[PDB]
Amino acid sequence: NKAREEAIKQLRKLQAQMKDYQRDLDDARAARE
Amino acid sequence: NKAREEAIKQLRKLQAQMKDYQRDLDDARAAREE
Amino acid sequence: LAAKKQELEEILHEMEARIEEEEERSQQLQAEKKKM
Amino acid sequence: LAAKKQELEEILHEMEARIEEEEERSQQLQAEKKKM
């Protein structure tokens, strides 16, 4: 039961890491101009 | 052990959220400057 | 199962927050369509 | 608790479809961004 908290935390981490890595390149391409 | 792993898991989501916030702020700043 | 269902309802409210995130993302999509 | 689990599974499948629509919205976002 308490492992569901760790599962939800891992899911949130894996869902947020993609945006965290993509927004850097987004900022680079936006400020390129 | 499961409680320790869960304690080590809430920081992963928190660190990912902080990194996403920083990168999104950088993206918003770049868009405003563009 | 009581503890499991309590945690699942917590995860459900987190999914509702994620639905709010989808709403924000749709707002951003419309803003991008109208801005560029 | 079993009926509660069934309801939670229903809304979790709802959230899965919502995440699918989220990825599709991200595809539309990147398409609008590259549309030039």
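Here is what the cut-offs are and how they apply
- Residues numbered from 1 in each chain as written, not as in the entry; some residues may be left out.
- Chains lettered and ligands numbered in written order.
- Part of a larger assembly, values for the part shown.
- Heavy atoms only, no water.
- Residues with missing side-chain atoms left out of burial classes, pairs and counts.
- Helix = DSSP H or I, 4+ residues; strand = E, 2+ residues; numbered from the N terminus.
- Contact = heavy atoms within 4.5 Å.
- Nonpolar A, V, L, I, M, F, W, Y, C, P; charged D, E, K, R; others polar.
- Least-squares fit on C-alpha atoms.
- Axes fitted to C-alpha atoms, helices over the stretch in contact; angles between N-to-C directions.
- Parallel < 35°, antiparallel > 145°, perpendicular 65-115°, else oblique.
- Left-handed = near helix turned anticlockwise from the far one by under 90°.
- Polar contact = N/O pair within 3.5 Å; in protein donor to acceptor, adjacent residues only side chain to side chain.

Method of structure determination, per the deposited record: cryo-EM was used for this entry, reaching 4.3 Å resolution.

Let us now look at the overall build of chain B. Check the secondary structure of chain B and you find one helix and zero strands. Seen through its principal axes, chain B has C-alpha atoms that stretch 50 × 5 × 5 Å.

Let's shift gears to the interface of chain A and chain B. Reports of interface size often rely on the accessible area that becomes lost once the parts have come together. Each partner contributes to the interface: chain A provides 13 residues, whereas chain B provides 16 residues. Along the lines of polarity and charge, the residues of the side of chain A that touches chain B split into three nonpolar, one polar and nine charged.

Listed per partner, the contact involves 18 residues of chain C and 16 residues of chain D. By residue class, the composition of the side of chain C that touches chain D is eight nonpolar, two polar and eight charged.

What follows concerns the relation of the copies chain C and chain D. Of the two same-sequence chains, chain C is brought onto chain D (RMSD 0.8 Å, axial shift 1.0 Å) by a rotation of 157°. Interface overlap between copies: 78% of the residues of chain C at the interface are likewise at the interface in chain D, consistent with a symmetric, same-surface contact.

The protein chains that touch form three pairs of chains, and the pair with the most contacts between them is chains C and D. Nothing in chain B touches chain C; the tightest C-alpha to C-alpha distance between them is still 11 Å. Across the gap from chain A to chain D, with no contact made, the nearest C-alpha atoms are 10 Å apart.

Look at helix 1 (residues 3-32) of chain A against helix 1 (residues 2-35) of chain C: their axes get within 10 Å of each other, and the N-to-C directions meet at 20°. For the element pair helix 1 of chain A / helix 1 of chain C, the angle class is roughly parallel. By crossing handedness, the relation of helix 1 of chain A to helix 1 of chain C is classed as right-handed. Between helix 1 of chain A and helix 1 of chain C, the contacting residues are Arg-4, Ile-8, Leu-11 and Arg-12 of chain A on the first element and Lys-4, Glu-7, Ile-11, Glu-14 and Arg-18 of chain C on the second. Its residues assigned to classes, the contact of helix 1 of chain A with helix 1 of chain C comprises three nonpolar, no polar and six charged.

Now for the side chain of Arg-25 of chain C. Looking at the element boundaries, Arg-25 of chain C is found in helix 1. Among the polar contacts made by the side chain of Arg-25 of chain C, one reaches the main-chain carbonyl oxygen of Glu-22 of chain D at a distance of 2.6 Å. Not counting residues within four places of it along the chain, the set of residues in contact with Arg-25 of chain C comprises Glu-22, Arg-25, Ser-26 and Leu-29 of chain D.

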